[PDB]
Amino acid sequence: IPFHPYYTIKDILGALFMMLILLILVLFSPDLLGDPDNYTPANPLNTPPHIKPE
Amino acid sequence: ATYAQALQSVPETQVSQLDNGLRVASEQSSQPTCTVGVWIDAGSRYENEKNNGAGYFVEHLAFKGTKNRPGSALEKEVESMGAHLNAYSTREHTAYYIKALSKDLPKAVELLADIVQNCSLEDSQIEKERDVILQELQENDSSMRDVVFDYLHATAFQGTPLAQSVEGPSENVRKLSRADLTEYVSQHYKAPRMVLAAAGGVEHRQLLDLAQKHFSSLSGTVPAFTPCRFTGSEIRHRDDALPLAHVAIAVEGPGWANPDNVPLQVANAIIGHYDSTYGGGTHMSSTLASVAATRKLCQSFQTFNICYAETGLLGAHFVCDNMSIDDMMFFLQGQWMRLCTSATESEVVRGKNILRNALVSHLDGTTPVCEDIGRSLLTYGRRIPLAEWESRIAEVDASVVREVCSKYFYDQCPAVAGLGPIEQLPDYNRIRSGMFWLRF
């Protein structure tokens, strides 16, 4: 089938759903997936008890 | 004459009626030959799914013998005077006519009454014609235009008796009995639904006396017609073994008696027609014809205004190779849009001239005039004179064309038929979006 009418609209719906999840994160739990210790400025003398990547 | 005096000098169609309700209509000339026929308000749209094909079967058996003229005798009589017997059937009309010498009109008229009144419908002949009709169905399968228009009717009028084909499905052909055909004739071959037309060296008083002597037996003074819903829809039969693709696209157009038909026909003349055997090619005033000739986008295209009593198919049929269908759609729909929004006076003038020329040139000979009389009395209850057609064309301008093409084409769902190597036939949503313009 041609991409335009079908998958442009389907990809738009998918993008709106993705935007919903993203804005739920940004506006209702901004810090859900982050770490509180990055609200502390970097201290090369003191190391955090836990050093995890993202 | 100045074509205004020539229209005013065209002979007048004289119409009378028998007590049974058979209408008698004639346009007289000084020609030594005439065409006389019977036109009947009978077609496939009057058939349901069990009887579908009965009218075509009855037309098949029409000349194969009556109780007075058994088998070949009728044919012999026709052939023994130099006359020509012809018949046809549509979804709404049926016709039986003779081209004869003017001195053969009595016999011709007699030969017609018998044919419509006393067909033998003999079972042996019914089986022979069963075989013939099956072979003709397979012959019609070979004609891509006939198939694509049957497809267009089937999807545009799905669920309605206008979707039916004239010939019916082959299963009905195998199943139709003599009782089926006798019932069809007894319910549809009635005097109030028949018109005895004659064009040529025929005096109306003499034809009327003939009709009163040969047709007065017919039904004196009931199931007929339900409207047929139109559907925006598509039917695509892909056969990449076919060398060329056929595409037919139509919106719901007006029925017979709607005045909108005259401007719409004008508009169709603006789009015109084309095939690859044309002299003019790239120089044609029709934009689509010149683009098709310059790019070799198609082998042919035609506009059409098919009318039924209450609806019709207004559209275009084109034939092209697999890799150009899309282009042919784009330039065709664009023309439609260009007419809905920006019709322009000069090409409306050209289309009006084309329409007048089509109407006058079509009515050349006794047979086209006889068909015009019969079909006209069936569709309008009247023969519309060419002076009147000219009055209706003269009152068309670019505003009128813009308005009517907007009313019928713009933002309307079309019905679409595709047959052959049609992978590049655009998806229905893309065509439907091609039925409006965002700039407008």
# chains A, B, ... in the order shown; residues from 1 in each chain; ligands from 1
$ interface_residues --of "chain A" --to "chain B" --cutoff "8 Å" --atoms "only C-alpha atoms" --output "list in words"
residues 1, 2 and 5 of chain A
$ write_last_selection --atoms "N, CA, C and O atoms" --output "PDB file, in the first residue's frame"
ATOM      1  N   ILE A   1       0.866  -1.175   0.000  1.00  0.00           N
ATOM      2  CA  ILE A   1       0.000   0.000   0.000  1.00  0.00           C
ATOM      3  C   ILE A   1       0.902   1.224   0.000  1.00  0.00           C
ATOM      4  O   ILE A   1       2.068   1.149   0.418  1.00  0.00           O
ATOM      5  N   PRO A   2       0.418   2.362  -0.495  1.00  0.00           N
ATOM      6  CA  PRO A   2       1.247   3.571  -0.460  1.00  0.00           C
ATOM      7  C   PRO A   2       1.475   4.035   0.969  1.00  0.00           C
ATOM      8  O   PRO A   2       0.595   3.922   1.825  1.00  0.00           O
ATOM      9  N   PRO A   5      -1.050   7.976   2.888  1.00  0.00           N
ATOM     10  CA  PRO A   5      -2.273   8.099   3.694  1.00  0.00           C
ATOM     11  C   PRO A   5      -2.284   7.164   4.895  1.00  0.00           C
ATOM     12  O   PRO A   5      -2.743   7.554   5.974  1.00  0.00           O
TER      13      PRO A   5
END
$ select_by_dssp --residues "stretch 90-333 of chain B" --states "helix (DSSP H, G or I)" --output "VMD selection string"
chain B and resid 102 to 117 123 to 141 144 to 156 170 to 175 178 to 188 191 to 193 204 to 214 261 to 271 281 to 283 287 to 295 322 to 333
$ atom_distance --atom1 "atom CA of residue B:108" --atom2 "atom CA of residue B:78"
8.0 Å
$ residues_around --residues "residue B:415" --least-positions-apart "2" --cutoff "8 Å" --atoms "only C-alpha atoms" --output "number ranges by chain"
B: 152, 155-156, 231-234, 249-251, 413, 417
